[PDB]
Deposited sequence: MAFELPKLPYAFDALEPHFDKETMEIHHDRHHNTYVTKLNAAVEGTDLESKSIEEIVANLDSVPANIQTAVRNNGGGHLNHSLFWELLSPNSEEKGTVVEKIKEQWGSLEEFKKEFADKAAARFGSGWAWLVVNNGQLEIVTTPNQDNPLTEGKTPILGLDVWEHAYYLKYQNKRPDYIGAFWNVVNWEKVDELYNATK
């Protein structure tokens, strides 16, 4: 019942920040696969009519195919929407980041360092905890929603998100990322809280 969403841009639109070979394989193999495995593990169960957000909200935060693939699907679904070739650092969440970090660049430093420390596969997140902003990281395809915090910006730091172009150089990937953040979508997600 879950469909693999189409990208709002062409594969090359994020160059030379995210390579077009990565984008293709990331979307068409990795995300496609989480979608199929997810559908397969949801046939017949308690979770059949559910939004992925709700499925993910009701997992454990401590192995199951719905945790791995369900998070896979959600994390990546947000992530294509959080990238844009037209990135303008403005709007409600930019301002709210200045109000809590002092400046946008202090925030990115904290983000970049939390993202580079996530050892193994995972995701680096800007979340909303009871109204206030927070940077968290998660292992594998886990998502802050499972811990009661709403993700508004995510960076995928599985090696598959950046190995073709950047190999081991994840801080060069995290740096290229800032040039492609759809801050209009970050706003949209903040606003739903």
Could you give the ranges of the deposited sequence that carry no C-alpha coordinates?
1, 64-67, 199
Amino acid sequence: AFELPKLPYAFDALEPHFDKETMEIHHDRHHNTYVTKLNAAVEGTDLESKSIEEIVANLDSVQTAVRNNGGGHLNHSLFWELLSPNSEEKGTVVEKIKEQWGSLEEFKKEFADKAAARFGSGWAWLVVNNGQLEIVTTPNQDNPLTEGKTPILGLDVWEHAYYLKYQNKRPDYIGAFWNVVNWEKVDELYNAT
From here on, numbers count along this sequence of modelled residues.
Is the mean CA B factor in the deposited entry higher across 91-99 or across 76-84?
91-99
Report the stretch with the higher mean CA temperature factor, choosing between 28-36 and 45-53 on the basis of the entry.
45-53
Between 69, 63, 143, 167, which one tops the list for C-alpha B-factor in the PDB entry?
63
Name the third of the chain's ranked CA B-factors that contains residue 132, choosing lowest, middle or highest.
highest
Name the third of the chain's ranked CA B-factors that contains residue 171, choosing lowest, middle or highest.
middle
Quick check for you: using the entry's CA B-factors within this chain, is residue 107 in the lowest, middle or highest third?
highest
Third of the chain's Cα B-factor distribution that residue 189 belongs to, per the entry:
middle
